[PDB]
2 protein chains.
Amino acid sequence: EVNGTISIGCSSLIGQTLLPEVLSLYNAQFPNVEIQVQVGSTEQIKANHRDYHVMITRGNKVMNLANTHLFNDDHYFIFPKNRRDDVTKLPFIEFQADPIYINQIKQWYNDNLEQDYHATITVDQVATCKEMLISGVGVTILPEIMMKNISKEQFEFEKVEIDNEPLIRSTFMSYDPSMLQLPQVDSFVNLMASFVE
Amino acid sequence: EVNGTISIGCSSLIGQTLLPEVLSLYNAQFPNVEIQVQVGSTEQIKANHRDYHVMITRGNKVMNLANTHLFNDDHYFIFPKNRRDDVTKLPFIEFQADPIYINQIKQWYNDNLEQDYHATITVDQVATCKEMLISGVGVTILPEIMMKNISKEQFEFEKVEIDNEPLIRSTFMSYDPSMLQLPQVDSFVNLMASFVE
Ligand code: NA
Ligand code: NA
Ligand code: NA
Ligand code: NA
């Protein structure tokens with residue numbers, strides 16, 4: 001019977017989406033495990049890797065750990081339908097992430113709106129960015145996992161393609177193989193790997 | 001005509017709720033202002049006060065700055081309706097905050113569920129806590145500002161009273177008075193103060 005504590009570190013948006021779904025199943029199966037969750041940037045979580053049994057991050061694989069690819073996100077440029085004719089003049093909401101990923105977003109904007117990229121609003125979290133969009137602050141690109149409960153009546157969703165290939169963002173589960181001896185950690189890793197497949 | 005950059009630091013949950021609503025009005029009135037937003041714990045935002053023109057935090061007033069009281073939140077204990085008879089056995093989801101506030105939550109639980117407080121799941125962000133609740137992970141107390149789009153069909157909401165007085169959490173806007181000379185900062189402060197009234 002599985003006991004003890006599990007300490008999970010994850011990308012901020014993962015704490016709002018995938019991790020809650022998985023922990024609902026995990027706790028139901030393994031009720032005696034104490035669960036600790038810290039969220040932050042992928043950079044922050046990677047830096048504090050020693051504090052976590054398991055990490056769920058986005059972008060590239062984590063150095064010197066076992067990595068399991070969970071899924072990829074497509075992306076959508078999102079803007080209000082009532083302002084379609086004025087999309088080039090609406091403020092763009094940028095979130096913080098690694099340069100390779102953000103530069104893809106900037107390049108897409110430059111190429112497709114036919115003008116220099118400029119972010120009027122900059123936020124750290126994708127979740128913050130999502131709420132700025134919803135409240136009418138401006139336009140943005142979001143990963144598909146963050147598009148739940150955005151009004152299809154109010155907003156147009158344009159799939160973000162670069163040379164007819166989708167812009168994608170990967171999500172990885174990472175951990176030190178020596179944590180798998182802990183049944184709470186093994187049970188989580190096995191459940192996560194099963195959930196996505 | 002108002003120009004320049006404004007740097008806002010706020011409580012994580014404020015970035016998901018109040019700040020998006022206010023920035024939608026702010027940008028519409030003052031389109032040439034560049035907006036920078038960082039979210040975090042009240043403790044983190046207070047520590048990095050020098051990085052922000054204006055701060056929106058929760059709990060007590062910020063030391064050695066001008067403070068404007070924005071609003072108070074009531075609180076609700078939230079649990080799934082299908083498990084009403086088993087509420088005492090369901091895992092409690094705790095979020096991180098200052099001890100005075102968290103101890104009020106713990107005391108309420110101890111008094112009203114008639115057993116020792118124990119958090120099976122601990123998260124840093126209230127927003128994370130909300131999604132854990134929604135996904136069926138367990139039970140929790142949330143501030144009223146964070147209760148939008150939680151299913152009334154699925155969940156019971158019990159107002160959190162302590163001696164027939166509501167458990168409350170205050171929100172404050174803080175800034176160094178010498179930032180008000182900047183028209184972008186003055187315009188924001190005046191708008192926020194007006195919005196809540
Ligand atoms: Na980010
Ligand atoms: Na974006
Ligand atoms: Na918190
Ligand atoms: Na709580």
# chains A, B, ... in the order shown; residues from 1 in each chain; ligands from 1

call {"tool": "residues_near_ligand", "arguments": {"ligand": "ligand 4", "cutoff": "6 Å", "atoms": "only C-alpha atoms and all ligand atoms", "output": "mmCIF file with N, CA and C atoms, in the first residue's frame"}}
result
data_model
loop_
_atom_site.group_PDB
_atom_site.id
_atom_site.type_symbol
_atom_site.label_atom_id
_atom_site.label_comp_id
_atom_site.auth_asym_id
_atom_site.auth_seq_id
_atom_site.Cartn_x
_atom_site.Cartn_y
_atom_site.Cartn_z
ATOM 1 N N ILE B 93 -7.386 20.655 -0.214
ATOM 2 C CA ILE B 93 -6.364 21.320 -1.026
ATOM 3 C C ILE B 93 -6.013 22.662 -0.385
ATOM 4 N N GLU B 94 -4.773 22.784 0.076
ATOM 5 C CA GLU B 94 -4.267 24.008 0.702
ATOM 6 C C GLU B 94 -3.471 24.804 -0.318
ATOM 7 N N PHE B 95 -3.613 26.128 -0.299
ATOM 8 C CA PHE B 95 -2.692 27.002 -1.028
ATOM 9 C C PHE B 95 -1.772 27.739 -0.060
ATOM 10 N N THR B 140 -11.853 22.359 -0.879
ATOM 11 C CA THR B 140 -11.026 23.530 -0.583
ATOM 12 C C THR B 140 -11.864 24.737 -0.155
ATOM 13 N N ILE B 141 -11.182 25.737 0.387
ATOM 14 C CA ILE B 141 -11.734 27.077 0.578
ATOM 15 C C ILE B 141 -11.127 28.026 -0.456
ATOM 16 N N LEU B 142 -11.978 28.784 -1.152
ATOM 17 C CA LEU B 142 -11.532 29.810 -2.103
ATOM 18 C C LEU B 142 -12.083 31.179 -1.719
#

call {"tool": "interface_residues", "arguments": {"of": "chain B", "to": "chain A", "cutoff": "7 Å", "atoms": "only C-alpha atoms", "output": "list in words"}}
result
residues 15, 16, 20, 21, 23, 24, 27, 34, 35, 36, 37, 38, 120, 121, 122, 123, 124, 128, 131, 132, 135, 136 and 137 of chain B

call {"tool": "residues_around", "arguments": {"residues": "residue 179 (chain B)", "least_positions_apart": "6", "cutoff": "9 Å", "atoms": "only C-alpha atoms", "output": "ChimeraX atom specification"}}
result
/B:53-54,185-186

call {"tool": "atom_distance", "arguments": {"atom1": "CA of residue 145 (chain B)", "atom2": "CA of residue 72 (chain B)"}}
result
9.2 Å

call {"tool": "residues_around", "arguments": {"residues": "residue 113 (chain A)", "least_positions_apart": "6", "cutoff": "12 Å", "atoms": "only C-alpha atoms", "output": "PyMOL selection string"}}
result
chain A and resi 77+85-90+92+105-107+139

call {"tool": "select_by_dssp", "arguments": {"residues": "chain B", "states": "strand (DSSP E)", "output": "ChimeraX atom specification"}}
result
/B:5-11,34-40,54-58,66-73,75-80,92-95,119-123,140-143,155-159,161-162,165-166,169-175

call {"tool": "select_by_dssp", "arguments": {"residues": "region 58-117 of chain B", "states": "alpha helix (DSSP H)", "output": "PyMOL selection string"}}
result
chain B and resi 99-113

call {"tool": "atom_distance", "arguments": {"atom1": "CA of residue 108 (chain A)", "atom2": "CA of residue 160 (chain A)"}}
result
7.6 Å

call {"tool": "atom_distance", "arguments": {"atom1": "CA of residue 71 (chain A)", "atom2": "CA of residue 176 (chain A)"}}
result
20.2 Å

call {"tool": "residues_around", "arguments": {"residues": "residue 169 (chain A)", "least_positions_apart": "6", "cutoff": "10 Å", "atoms": "only C-alpha atoms", "output": "PyMOL selection string"}}
result
chain A and resi 58-60+71-75+101+143-144

call {"tool": "write_last_selection", "arguments": {"atoms": "N, CA and C atoms", "output": "CSV table (one decimal), in the first residue's frame"}}
result
chain,number,residue,atom,x,y,z
A,58,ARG,N,8.1,22.3,-20.3
A,58,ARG,CA,7.8,22.6,-21.7
A,58,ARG,C,9.0,23.1,-22.4
A,59,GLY,N,9.1,22.7,-23.7
A,59,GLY,CA,10.2,23.1,-24.5
A,59,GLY,C,11.1,21.9,-24.8
A,60,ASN,N,12.3,21.9,-24.3
A,60,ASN,CA,13.3,20.8,-24.5
A,60,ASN,C,13.4,19.9,-23.3
A,71,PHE,N,3.1,15.2,-24.7
A,71,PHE,CA,2.3,15.6,-25.8
A,71,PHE,C,2.9,16.9,-26.5
A,72,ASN,N,2.4,17.2,-27.6
A,72,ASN,CA,2.7,18.5,-28.3
A,72,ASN,C,1.4,19.4,-28.3
A,73,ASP,N,1.6,20.7,-28.3
A,73,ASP,CA,0.5,21.6,-28.5
A,73,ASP,C,0.6,22.3,-29.8
A,74,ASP,N,-0.4,22.4,-30.6
A,74,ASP,CA,-0.6,23.3,-31.7
A,74,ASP,C,-0.9,24.7,-31.0
A,75,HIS,N,-0.9,25.7,-31.9
A,75,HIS,CA,-1.1,27.1,-31.4
A,75,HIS,C,-2.1,27.8,-32.3
A,101,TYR,N,11.2,29.7,-28.8
A,101,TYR,CA,9.7,29.6,-28.8
A,101,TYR,C,9.1,31.0,-29.1
A,143,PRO,N,-1.2,28.2,-26.7
A,143,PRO,CA,-1.1,26.8,-27.0
A,143,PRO,C,-2.5,26.2,-26.8
A,144,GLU,N,-2.8,25.1,-27.6
A,144,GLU,CA,-4.1,24.5,-27.6
A,144,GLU,C,-4.6,24.0,-26.2

call {"tool": "residues_around", "arguments": {"residues": "residue 163 (chain A)", "least_positions_apart": "2", "cutoff": "12 Å", "atoms": "only C-alpha atoms", "output": "list in words"}}
result
residues 104, 107, 108, 111, 112, 160, 161, 165, 166 and 167 of chain A

call {"tool": "write_last_selection", "arguments": {"atoms": "N, CA, C and O atoms", "output": "compact mmCIF listing (two decimals), in the first residue's frame"}}
result
# COMPACT_ATOMS: atom_id res chain seq x y z
N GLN A 104 9.61 32.33 -32.64
CA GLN A 104 8.68 31.73 -33.60
C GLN A 104 7.35 32.50 -33.64
O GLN A 104 6.82 32.77 -34.73
N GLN A 107 8.08 35.95 -35.30
CA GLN A 107 8.23 35.75 -36.74
C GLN A 107 6.88 35.53 -37.42
O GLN A 107 6.62 36.10 -38.48
N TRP A 108 6.03 34.70 -36.81
CA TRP A 108 4.69 34.47 -37.35
C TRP A 108 3.89 35.77 -37.45
O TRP A 108 3.24 36.03 -38.47
N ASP A 111 5.36 38.06 -40.24
CA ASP A 111 5.05 37.54 -41.56
C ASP A 111 3.56 37.68 -41.91
O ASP A 111 3.22 38.09 -43.01
N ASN A 112 2.68 37.39 -40.95
CA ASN A 112 1.24 37.25 -41.23
C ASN A 112 0.40 38.51 -41.04
O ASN A 112 -0.62 38.66 -41.71
N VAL A 160 -1.93 28.48 -36.11
CA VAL A 160 -0.63 29.08 -36.38
C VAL A 160 0.22 28.08 -37.16
O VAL A 160 0.72 27.10 -36.60
N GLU A 161 0.38 28.37 -38.45
CA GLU A 161 1.17 27.55 -39.35
C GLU A 161 2.39 28.34 -39.80
O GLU A 161 2.30 29.55 -40.05
N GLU A 165 3.34 23.96 -41.74
CA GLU A 165 3.62 23.04 -40.64
C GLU A 165 3.24 23.77 -39.36
O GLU A 165 3.58 24.95 -39.21
N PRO A 166 2.52 23.09 -38.44
CA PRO A 166 2.07 23.82 -37.24
C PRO A 166 3.21 24.24 -36.32
O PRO A 166 4.20 23.51 -36.18
N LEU A 167 3.08 25.43 -35.73
CA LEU A 167 3.94 25.82 -34.62
C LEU A 167 3.57 24.92 -33.44
O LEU A 167 2.39 24.83 -33.09

call {"tool": "residues_around", "arguments": {"residues": "residue 175 (chain A)", "least_positions_apart": "2", "cutoff": "10 Å", "atoms": "only C-alpha atoms", "output": "NGL selection string"}}
result
:A and (8 or 49-50 or 52-56 or 62 or 64-68 or 173 or 177-180 or 185 or 189)

call {"tool": "closest_residue", "arguments": {"among": "A:3, A:187, A:42, A:57", "to": "ligand 1", "atoms": "only C-alpha atoms and all ligand atoms"}}
result
A:42
